[PDB]
Amino acid sequence: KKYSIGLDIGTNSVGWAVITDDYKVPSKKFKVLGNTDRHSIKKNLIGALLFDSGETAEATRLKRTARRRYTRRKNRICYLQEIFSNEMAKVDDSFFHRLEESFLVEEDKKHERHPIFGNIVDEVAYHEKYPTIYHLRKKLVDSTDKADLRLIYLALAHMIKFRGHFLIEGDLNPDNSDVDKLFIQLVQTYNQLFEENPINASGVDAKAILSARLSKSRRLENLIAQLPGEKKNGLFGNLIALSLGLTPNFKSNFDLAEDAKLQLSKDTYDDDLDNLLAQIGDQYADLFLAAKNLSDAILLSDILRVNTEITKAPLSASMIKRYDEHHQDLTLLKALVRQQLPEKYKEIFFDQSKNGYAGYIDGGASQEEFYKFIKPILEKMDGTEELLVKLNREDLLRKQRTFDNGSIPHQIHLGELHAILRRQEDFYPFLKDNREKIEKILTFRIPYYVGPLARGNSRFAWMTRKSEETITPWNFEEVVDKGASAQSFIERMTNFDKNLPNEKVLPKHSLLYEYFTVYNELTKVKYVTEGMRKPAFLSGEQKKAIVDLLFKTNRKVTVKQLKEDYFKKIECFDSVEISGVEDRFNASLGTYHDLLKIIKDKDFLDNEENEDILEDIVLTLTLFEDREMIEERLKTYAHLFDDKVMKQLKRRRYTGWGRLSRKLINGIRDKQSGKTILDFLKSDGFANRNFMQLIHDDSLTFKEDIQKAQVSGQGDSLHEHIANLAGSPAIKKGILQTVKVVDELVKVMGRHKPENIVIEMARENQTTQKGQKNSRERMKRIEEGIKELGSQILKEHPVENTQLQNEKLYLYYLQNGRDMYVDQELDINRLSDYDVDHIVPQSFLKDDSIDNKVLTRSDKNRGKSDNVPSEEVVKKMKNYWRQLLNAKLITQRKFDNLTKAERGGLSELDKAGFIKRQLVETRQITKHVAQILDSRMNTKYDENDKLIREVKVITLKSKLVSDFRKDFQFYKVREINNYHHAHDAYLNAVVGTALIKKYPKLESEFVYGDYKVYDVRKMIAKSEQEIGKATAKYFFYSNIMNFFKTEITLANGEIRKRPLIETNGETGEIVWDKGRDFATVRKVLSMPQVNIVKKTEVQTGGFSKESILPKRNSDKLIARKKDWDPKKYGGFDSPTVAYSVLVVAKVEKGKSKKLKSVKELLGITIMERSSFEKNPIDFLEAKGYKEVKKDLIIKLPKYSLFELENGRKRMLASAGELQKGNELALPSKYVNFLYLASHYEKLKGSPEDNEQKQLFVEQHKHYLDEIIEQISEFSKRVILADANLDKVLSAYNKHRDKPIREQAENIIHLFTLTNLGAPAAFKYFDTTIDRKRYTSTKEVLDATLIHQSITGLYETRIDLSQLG
Amino acid sequence: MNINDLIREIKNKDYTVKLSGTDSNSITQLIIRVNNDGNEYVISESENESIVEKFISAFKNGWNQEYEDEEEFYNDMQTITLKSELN
RNA sequence: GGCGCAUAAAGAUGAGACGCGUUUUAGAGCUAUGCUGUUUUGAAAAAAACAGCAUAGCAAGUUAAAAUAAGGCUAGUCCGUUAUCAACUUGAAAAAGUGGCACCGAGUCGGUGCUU
């Protein structure tokens, strides 16, 4: 039985379909497992697979980092206890035990309630003598007297847990800490970045302006007023305002799509800037790094202000002066309140619920809520000056422990610790004998290259241990082999190229890679010298000359710098039409300018032998971060550099990764040529090509050369192969589930291998569907065109961006009110019957772009041919269209489309292009899917190595099946029901297998493998129509869907009519049965049984909701620790039910507590799952259930399908609720009438079906009441939402005489009431009908459990009511 | 106003949101799970009104509707009526 | 679909560190009014509150300790929210195995015939 399989790959579903030769969908009676009356179910062999998406591994990485950092923190506390173990035991024994039980209730505690000092008296005098710990800190640095042991331990014990960022390197000096050198570092970055428009910041004083307190926004324009001028919205201006703490926009600063707001204090910055970076390019991230660094300098000058007794008192005096300003400012403020208002004094100070004082201190609030609360109220107060300066200065009432503590360099804690150790070195000699251990503890830092301290037990770490003892920070060097472990860190952190595996890719800023990309921009340069009329690609003499001149001179090179400084300075040409680069270069030798600026030796950089030396330096400056292994790795290069630049070279860094490896560029060669990719970029003859053609040169060796490496060596199983891929995790989950569905699928049909496997896959978009993300872009095209013209069309008719998407008006604004074909003026009001004709008609390429469609009055203004537009028009209009050329109204591609009449007509290369745009599969991961499905199915070798390729792997593109679907009107409303995916995969099989029937002769372009290389250099006829049943040519017309039609309309009303039942000439076998295929396939798509399987899951993830709630006494809380009361200590709430167990047991009924045989649902947390697997029956007797019956323990996961009366299918949501399962069988004429009802204003084609489909919409008003009938008498069987149903029926009866379009739109919105999964809300015309779910679960006990296979073709039906 | 407006800030309140939708599956039913339970909440995207405007248009009010289990959730959403409008 | 310049881009991935935030406790609340409690002089009320309670008015109000997914054993200054998954058949797992074909019609698949 010959058959083939259609598939479709999204990210939540996969469509699977089985077709036969006449495209009749098969159907089989099936075996039923369980205990029902029915023992066979006839099912159609077509459906889809639904499943929840596959999340990335980011959150688990973050919580892993959090657990590790709290682990190291607590173990630092354990270290400090280890040093002060004995002497603290000398004075007071249970002190550390008091610190251990600081968290309990005094009932639960077994020592004194006062942790510090034991008594009441020294504790009260402790808080009165020292209110904070900072007073104690500044006391202990500025002391001569002895102090208490537990006091000093508590001091330095505070000094360990909070140590500030290690992100500065070195010590505190104006090279890295003052605002002047870092500000001028930013200045050199800015002017040295641009090289044009040089600004000055020499005589200005950013220390005096930025350092002293004032208003921030008032400070903002002042530094603008000290520089000569950029703007108040300058890039430097918004940059420095960003560095102060204001969060500016950067939309108009770079002319980007959306707004570009960044908050440095927000945690979004560390990737949101990255998404900003992807809209500007990588050249600016160092400038943003300098902005962040200078912002840290501003914050450091903000926190340190005291400078009088600066001898070892940098911090604590500033903190306690801030404490005092809080104190006296509170007193004067309260005196101002009671002095002025005896109302709202309680609302400020006794509230803790309205963002007041008590909320900012004792309640739950923040400083934004408090300042935003008090600011009009304090503004209302009668006499109140010199406090708004604290409002704009953030100075009033500000606490100690804030979010601005993230600025603190650890050296302040280091030396501040250190002076305390100097004042205490004399009294307590243990400190004197342990001080290097103390500063060693504080200054410890696990490097990047080391990684975690495993013992081979991790999944993630790679440490090797040169000695074998406990890894301790006293003697950290005694264990670590940095060479071997860091060598693994070189190996564990490099990536492998897909385009060249078994090899390590390059860093991003390699000199080799930058030569690759600068040459990859210069390979597209095709310049016209004025007098040859020839855009000629460059020579290696020319390219090497320019690289010798310009790319070794400056980074950002414009075209006027280019043609001025080369073509006239060297070559003496005035105007050269350099067609490739518009203004500036996408690639630049920035690292070349870096190191050439550093070591100042052009001979050293132009050596061919120091290149791999620079690969070592680029590699080490790429990877490592800890400076010691930075410098020793270049002690190998201690010879070349005489230590001056090595005072600087260790600082400079580079991040990123190249997409290629050196063995793919400067590795393999053409054996015919003996040339690397660099050699082709410096010598590609007359035809200099881009690297995408260097891969895809099918005549040349490089597709074979890469492809012999793309095949694996010793291949692993399926799972590691899927782990080798490149995409989202969810698309990989779609690949794996696709393979599983193919596996069970071929296990269904006789265990016979299939014949053709078609794949469609396109996903991962977030571009907001281009409704309003495009009118600003094409409106910007209007503003550029009108900007160059000056013929102000926007003075007599300005239009709106809701109506800018419609192509008629937009094409009217494109051509400056002048028609292309006839030199005439297109009138304003007659745009309705104005015609939209294509450059190349609808028989050669299905194109709806701007690049093809132009606006005119008549179709006959073009000429008389389906060929290129007539030479009585282009030669006629070679002036105004060249004005469109000079003003950039058209691209060069659309230019040669319009000036294709220069080429006479459509050539072999033309139809070569139009055929090779329909079918060339250009997604990498799609070809990988084709390889993985290729490996499993075809496995019969021969005596040779030949894969006997019985199974064809056909890959299509969405334009073919999509435009087939739209042309033959088999419409697709994504919102009726989930059946549409299976119909999409079915049509994928239709178009794919129709291609393998009609054209087997060029299977080698849309099937992976090695078929015949016979192509369209001879399959295109060099003349008109080939003869009947004697055609060696493919066809004439570049569309491949023409033979499904009846009429092939030419550009003259001419019906090219192709034969009815299509065959193939070389086979003599029929390929298209036009007489019955559309009633057949239309009968297929209207089928009421389509296999829908929502895939089951075991719910994993986090334990519960994480925000810790206060100590109430509700009995549904989960304790944080096992010794902690959920009442007397609080805890978490709302756990995560992994899966629901179904249990028969006996509860103790009534006051007599007698065994009552029940069968009830029970939810399971994830926090009890491993306990449930370890012993379930002891867990359930621990739950309070007796007489467990283990053979009736029914594990019911999430989305386990249940069946009720009339086939009322419902999906099991969790233990607490249900979800809704049955589907909708809709006749296809209703689907089409809702489609064209929805598409009435956006029909997008010829007026024949605009009027035809329009009147056809106007026919069937009956269909609307038939659809509401279907939802009516359908919804009473399975939904049972009675009041909602009467609301929508009555509301439907109200607005019956509505305008048709939006009425049908509200019908489409009314279809959500049926759909699968969660209950939703929706809005018929104005009345938004509220959702309604089913929290009940008692009915499922009396229902039909169904277990499903992964294709839903082995149902297993279990009845709960038959169970005892 | 954006999608990751709602994702990040409703993420910041102690709920879980993990939407699922891309081409060609032209549906973007985000999931809410107002209780960590089978009481998940859902809004789609359809052709006329983006899911931001579906969200704020669906939650200008408090909780006042039928179910007595979700109301604090709606109160949470009440706060995020006002933050994105005046930032 | 965006073909967005006929071209087609960019991808999972894992190591370091801060800063919060949250929660419980320590941060003795003071005075006046009224109440429950034992004393006190008492054949019973009767202050001495030492306490607790509630209500008013006052008073201060910034910080610390601990934990930060339950915990696990392999006990490491490691790991625990990723991917992975119907059922029954064995098998510790790893895994492997488990179900006829044509024809007719279509309201969630049903019916007919044959092979058994």
# chains A, B, ... in the order shown; residues from 1 in each chain; ligands from 1
$ interface_residues --of "chain C" --to "chain A" --cutoff "8 Å" --atoms "only C-alpha atoms (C1' of nucleotides)" --output "number ranges by chain"
C: 1, 5-6, 8, 11-12, 14-20, 22-28, 61-66, 69-70, 74, 76-79, 81-82, 85-87, 99, 106-110
$ closest_atom_pairs --of "chain A" --to "chain B" --cutoff "6 Å" --atoms "only C-alpha atoms" --output "Markdown table"
| residue | atom | partner | partner_atom | distance |
| --- | --- | --- | --- | --- |
| A:763 | CA | B:23 | CA | 4.8 |
| A:764 | CA | B:22 | CA | 5.7 |
| A:765 | CA | B:22 | CA | 5.8 |
| A:1134 | CA | B:36 | CA | 5.6 |
| A:1136 | CA | B:36 | CA | 5.8 |
| A:1213 | CA | B:38 | CA | 4.9 |
| A:1214 | CA | B:38 | CA | 4.7 |
| A:1216 | CA | B:38 | CA | 5.9 |
| A:1217 | CA | B:38 | CA | 5.3 |
| A:1320 | CA | B:42 | CA | 5.7 |
$ write_last_selection --atoms "N, CA and C atoms" --output "compact mmCIF listing (two decimals), in the first residue's frame"
# COMPACT_ATOMS: atom_id res chain seq x y z
N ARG A 763 8.75 29.82 12.64
CA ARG A 763 8.28 30.20 13.97
C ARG A 763 9.16 31.30 14.57
N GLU A 764 8.98 31.50 15.88
CA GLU A 764 9.85 32.28 16.77
C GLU A 764 9.81 33.78 16.52
N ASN A 765 8.71 34.30 15.97
CA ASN A 765 8.60 35.72 15.67
C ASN A 765 7.96 36.46 16.84
N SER A 1134 0.08 28.31 48.47
CA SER A 1134 -0.30 27.89 47.13
C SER A 1134 0.77 27.00 46.50
N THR A 1136 2.44 23.71 44.23
CA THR A 1136 2.28 23.31 42.84
C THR A 1136 1.88 21.85 42.80
N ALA A 1213 -7.89 19.70 34.55
CA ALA A 1213 -6.98 20.82 34.76
C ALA A 1213 -6.02 20.54 35.91
N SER A 1214 -6.56 20.31 37.10
CA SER A 1214 -5.78 19.92 38.26
C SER A 1214 -6.73 19.23 39.22
N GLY A 1216 -8.13 20.80 41.60
CA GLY A 1216 -9.08 21.80 42.04
C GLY A 1216 -10.13 22.23 41.04
N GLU A 1217 -9.98 21.90 39.76
CA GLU A 1217 -10.91 22.39 38.76
C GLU A 1217 -10.86 21.46 37.55
N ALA A 1320 -12.37 31.45 28.80
CA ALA A 1320 -11.90 32.79 28.51
C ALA A 1320 -13.05 33.78 28.53
$ select_by_dssp --residues "range 849-880 of chain A" --states "helix (DSSP H, G or I)" --output "list in words"
residues 859, 860, 861, 871, 872, 873, 874 and 880 of chain A
$ atom_distance --atom1 "CA of residue 360 in chain A" --atom2 "CA of residue 248 in chain A"
27.2 Å
$ atom_distance --atom1 "CA of residue 365 in chain A" --atom2 "CA of residue 73 in chain B"
18.8 Å
$ atom_distance --atom1 "CA of residue 319 in chain A" --atom2 "CA of residue 363 in chain A"
23.1 Å
